[PDB]
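Here you get one chain, nothing else, as structure tokens; it is the form deposited in one PDB entry.
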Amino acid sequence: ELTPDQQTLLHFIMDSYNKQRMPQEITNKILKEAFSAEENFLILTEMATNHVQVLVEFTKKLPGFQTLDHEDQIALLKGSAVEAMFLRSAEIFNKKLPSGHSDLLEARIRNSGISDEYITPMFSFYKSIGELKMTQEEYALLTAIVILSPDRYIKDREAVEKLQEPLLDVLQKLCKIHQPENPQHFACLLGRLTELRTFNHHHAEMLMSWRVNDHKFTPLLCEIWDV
């Protein structure tokens, strides 16, 4: 039971979310590249760089984002980059792959210059995400909400927390239609947003590690991740 201004909004969010492709040239490296900390770090860079290019495209095709302040427009984007990437990584990671393709993935994630003290909470988050059995619509909406977060140095807030509002209201209605058995679903979804936010500290810690140990990032990533 969605309203018409809700189905249109949803259809909009879904239209931009389904544009997010990942060139076969980059992904094919997972199945063809050599197993070494460098080649795996190389994959992460190319992927996370394409992700930012596509996330900006998803962000501006958002309803009302373009009707915002050029410093609030870029405030939000700069701020959601890390969260949105790990959320996308959790979504992909949680897809049913064929025989030992998930083991291959997990092996690469490990040998990519990240110390396990972060890897452990990473997989901890992925399983928790996997447990919620999230639909396509919930990932897209969750992504829109993580971007439209009037929190952490945009000046306005009220306007930011006006576009995000019907989004959450749509995310709620969705939780009842598809998971009416579990009425804690909505609370649990927002719950993963909290665990998601904690990734900025861990990400900063891993950044310096690759940094001090001679691992280079693309100029776009240097702007987004602050290097």
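Think of the rigid core as the biggest set of C-alphas that the two forms share within 1.5 Å after superposition. Residues carry their position along the shown sequence, with the first being 1.
Beyond what is shown, the protein has a form deposited in another entry; the following relates to that form.
- Residue showing a CA shift of 2 Å or more between the shown form and the other one (rigid core superposed; candidates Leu196, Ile26, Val52, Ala159): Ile26.
- Once both forms are fitted on their rigid core, the CA atom of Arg108 lies 2 Å or more apart between the shown form and the other one.
- Relative to the superposed rigid core, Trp210 undergoes a CA displacement of at least 2 Å between the shown form and the other one.
- The distance between the CA atoms of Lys133 and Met22 is at least 3 Å shorter in the other entry than in the form shown here.
- Shown here is a form in which the CA atoms of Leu193 and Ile26 lie at least 3 Å farther apart than they do in the other entry.
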